[PDB]
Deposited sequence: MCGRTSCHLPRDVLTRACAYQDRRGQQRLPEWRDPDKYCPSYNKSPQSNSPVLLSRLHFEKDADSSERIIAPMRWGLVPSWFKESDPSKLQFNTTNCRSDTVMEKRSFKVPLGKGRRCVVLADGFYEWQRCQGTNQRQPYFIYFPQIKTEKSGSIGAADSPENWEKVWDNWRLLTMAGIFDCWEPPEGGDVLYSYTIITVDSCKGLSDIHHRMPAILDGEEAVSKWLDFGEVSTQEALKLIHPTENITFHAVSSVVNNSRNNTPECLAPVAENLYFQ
């Protein structure tokens, strides 16, 4: 999936990420790089989106079940990239197939470092290929839910991999990510043949995040098609990646 919505303001987003650590203590995730968060209904590759990652990535003695929320660049910039600017990458690496993550250097290495994140979104967009034409129908795809809807929205929690890159001649460390993909479930199969790897609930999210306690092999068992998802058709407003408006995700007939 190549487009998402993530529009909620920082404190609403944070509240939506309330969790318990391993010992059952109620917490809210702490932000890092919070100025990089720019809410939008229409996020494309190369923009920043908030992700969850284990606090053990930031402190050597942190409880690895504690969670940080940090905006990261969508489009993985591998640690070994040698040019001066991420724009000079030939491919964005916005998605990666679950069946290639242990085969490709760009994913396998960060996984070895425990660089597992949970990519947040209101939902994602996908375009349905229809038989006997070139026009594609956009859909907004999201978890089943409980103006009023944004009070207590359940954010979509997608499995991602992140990496850290430093400009070779000198500059700040860049955190960037890719979303893992899997086959679509029967519910989405008329829309598209692929879907994100969705981590459905606290257990799945915690295990994917906690690289301290959950090995790569164990973590990857969490990666599979899932059924707990819904969707509705949206207008052509979203088609233009420059349109950031509530209309992007509004239902149409």
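A.B. asks: Numbered from 1 along the deposited sequence, what ranges are absent from the coordinates?
C.D. replies: 1, 148-164, 272-277 are the stretches of the deposited chain that have no C-alpha coordinates in the structure.
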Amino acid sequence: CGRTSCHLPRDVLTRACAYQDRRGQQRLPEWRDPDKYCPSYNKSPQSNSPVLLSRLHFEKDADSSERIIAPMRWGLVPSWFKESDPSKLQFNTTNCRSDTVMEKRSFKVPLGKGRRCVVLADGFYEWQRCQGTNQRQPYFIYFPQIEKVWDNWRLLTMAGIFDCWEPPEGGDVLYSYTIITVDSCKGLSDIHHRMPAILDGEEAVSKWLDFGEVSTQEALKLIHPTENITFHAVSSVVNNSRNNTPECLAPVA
From here on, numbers count along this sequence of modelled residues.
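So that the term is clear: the rigid core is the largest set of C-alpha atoms that superpose within 1.5 Å between two forms.
A.B. asks: Any chance you could tell me whether 114-122 or 88-96 drifts more in 4 other deposited structures of this protein, judged by RMS CA distance from this form after superposing on the core?
C.D. replies: With the rigid core fitted, 88-96 is the stretch that strays more in 4 other deposited structures of this protein.
A.B. asks: Rigid core fitted first, then name the stretch among 163-171 and 136-144 whose C-alphas deviate most from the displayed form in 4 other deposited structures of this protein.
C.D. replies: Checking 163-171 against 136-144 in 4 other deposited structures of this protein, I find the farther stretch is 163-171.
A.B. asks: Quick check on the record: does 35-43 or 215-223 carry the larger mean Cα temperature factor?
C.D. replies: Per the deposited B-factors, the answer is 35-43.
A.B. asks: Return whichever of 77-85 and 117-125 has the greater mean Cα B factor according to the PDB record.
C.D. replies: The deposited B-factors put 77-85 ahead on the C-alpha mean.
A.B. asks: Whose C-alpha has the highest temperature factor in the PDB entry: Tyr139, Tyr142, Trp150, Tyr177?
C.D. replies: It is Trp150.
A.B. asks: Pull the Cα B-factor of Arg154 out of the PDB entry and bin it into the chain's lowest, middle or highest third.
C.D. replies: Middle third by C-alpha B-factor.
A.B. asks: Using the B-factor values recorded in the entry, state whether the Cα atom of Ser235 falls in the lowest, middle or highest third among the modelled residues of its chain.
C.D. replies: For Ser235, whose C-alpha B-factor we compare with every modelled residue in the chain, the answer is the highest third.
A.B. asks: Divide the modelled residues of the chain into thirds by Cα B-factor and specify which third, lowest, middle or highest, holds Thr14.
C.D. replies: Middle third by C-alpha B-factor.
A.B. asks: Just say lowest, middle or highest third for the CA B-factor of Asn95 relative to the other modelled residues in its chain.
C.D. replies: Tercile = middle for this residue's CA B-factor.
A.B. asks: Using the temperature factors of the C-alpha atoms in this entry, rank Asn243 within its chain: lowest, middle or highest third.
C.D. replies: Highest third, going by the recorded CA B-factors of the chain.
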